[PDB]
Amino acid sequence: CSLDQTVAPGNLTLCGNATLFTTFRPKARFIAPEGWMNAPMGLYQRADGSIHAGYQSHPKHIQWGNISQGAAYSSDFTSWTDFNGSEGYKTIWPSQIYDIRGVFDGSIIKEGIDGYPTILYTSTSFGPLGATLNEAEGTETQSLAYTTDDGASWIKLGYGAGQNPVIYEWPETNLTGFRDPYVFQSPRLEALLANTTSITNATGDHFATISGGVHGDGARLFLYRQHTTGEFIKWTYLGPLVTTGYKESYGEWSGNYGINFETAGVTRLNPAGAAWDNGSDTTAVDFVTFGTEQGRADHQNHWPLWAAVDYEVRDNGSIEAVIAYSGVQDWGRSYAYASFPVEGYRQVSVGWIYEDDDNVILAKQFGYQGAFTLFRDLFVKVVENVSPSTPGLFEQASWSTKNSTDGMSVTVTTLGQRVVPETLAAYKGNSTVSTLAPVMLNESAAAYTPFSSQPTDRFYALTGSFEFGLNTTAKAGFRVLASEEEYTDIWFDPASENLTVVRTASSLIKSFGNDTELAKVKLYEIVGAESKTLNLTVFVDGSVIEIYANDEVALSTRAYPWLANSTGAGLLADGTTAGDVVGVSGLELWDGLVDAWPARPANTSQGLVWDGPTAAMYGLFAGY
């Protein structure tokens, strides 16, 4: 094992555990100190204003198992500090018959048991568990724990009748899944159900969804309501909130609803952020966010989706959320998006970016797997004065259209996503910022044109506005993590409406994924404009490439170039001519970003361990 990054990579599978720990590792985002991580969980803003973030964690292993909550906190979403207690950075772990198989995803009741922050989480025990297996009742239940020390530790309620687990009965038979309880308050849903509370007797101020589905018959999001305000044991099943069909797809802009939902949440937004009205705000829109499984051929069979919904009240005192339009939260290698309320009428969403090493070839050499996305403000994106001649506009696939009275313009509404401003400010202010001169891409443009200032390492952001003619067939974008031999190309092709990440040359190491990422991006053309504009922001952070377009479209992916000098960046141009010209302005390079974990040394590995021969005997965890 040579770690010489000035020459071609050898056989890296000969390298020891965690010898590649720092080589590809993100520095500017939320990531566990070491080992395996997946879904964000237990997210809440604490009483002091700081953010508590939990995550599914398996320390000292590089595959999933004994799944626990690791945790950390931040005052600005950006610079983090690990909790440190008797179990290191873990704060909840398998410990009881009801959760011994894993402490799965959960969410926070801010004023819960004895007034303390309280987590409702999926407690798992033994038996087949999975959407393609024959799971039985009891294998997944829902349990409570509360914290008296602001998340340093959690106390579970006792096991038994009238205690944990608090939700255990399956609401319908033959479930594909029964997990990821999302607890939320909703003046909207309270108003809608106020005339039906005699039917159900459920009058609490908290609702909870549980994500699942029914074998052979598609996904389900089940709605529960807290039975009585101030009491947390009794949750009353109302009915299915979202019901989709077996591998149903709403279309090309909407992924696929698969067979089973995971990590679903419910929110209400308006153009400024989170909306807490009862229905009276006509600018507010109800949204569900959810993962689906087994409706996709790649990306671990996983789509992270969202849908705008219209609530209808059923006669039995339950709610049907009818999908009005349906989109994708991120088009790349990310999943398990969670959202939570933040002071100042915000709803903030964050997900998990998995690696691109699905055959587990270099995982042990890394000594870790996974990171978060950036934290994103959600809001209702409104585009005014849209031209009716925008191609495909009236499909209304992942957006809605409202015509003006005279029919000459359209108002477009969709889900907006943008990186939280605290992170953008910290990134820019801690970086060496190069404001770049605008560039006209025409007949003279090379395929690749390096920026006049270059990054110094694998931690940088790029921004640019690409102005295209309305009938262009040119392509343009950004190349990143680039030397002569390795590079990753981010292209937008307005003619096809496809944003792609071409990764055929991303790395000389052949074991990593190299498939082309793809997102659909609708350039809403403005009345009177003779051009259309793509605003692209790209974060490069170790191996993470995270792309944002027009505060709407997100695509997270991975690139693992070996060579030390595969850090460059610049503009891409294809089919630009004297007549078909792409104007690039607002160009900026932010070199360095922020050290997100200032108290951590560069190498936080503690080595890896094997569970031994009993792992295969129990059959629950891989063991490493």
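From 1 onward, residues are counted along the sequence shown.
The PDB entry reports B-factors from which the mean C-alpha value can be compared for 232 to 240 and 116 to 124; the larger average falls on 232 to 240. Just going by the entry, 93 to 101 versus 318 to 326 on mean CA temperature factor gives the higher value to 318 to 326. Among 555, 47, 578, 41, the highest C-alpha B-factor recorded in the PDB entry belongs to 578.
Which of 524, 331, 222, 340 has the largest Cα B-factor in the deposited entry comes down to 524. In the PDB entry, a CA B factor belonging to the middle third of its chain's modelled residues is recorded for residue 616.
Ranked within its chain, residue 26 lands in the lowest third, by CA B factor from the PDB record. When the CA B factors of the chain's modelled residues are split into thirds, the value for residue 34 lands in the lowest one.
Among the modelled residues of its chain, residue 227 has a C-alpha B-factor that falls in the highest third, as given in the PDB entry. Ranked against the other modelled residues of its chain, the C-alpha B-factor of residue 53 as given in the entry falls in the lowest third.
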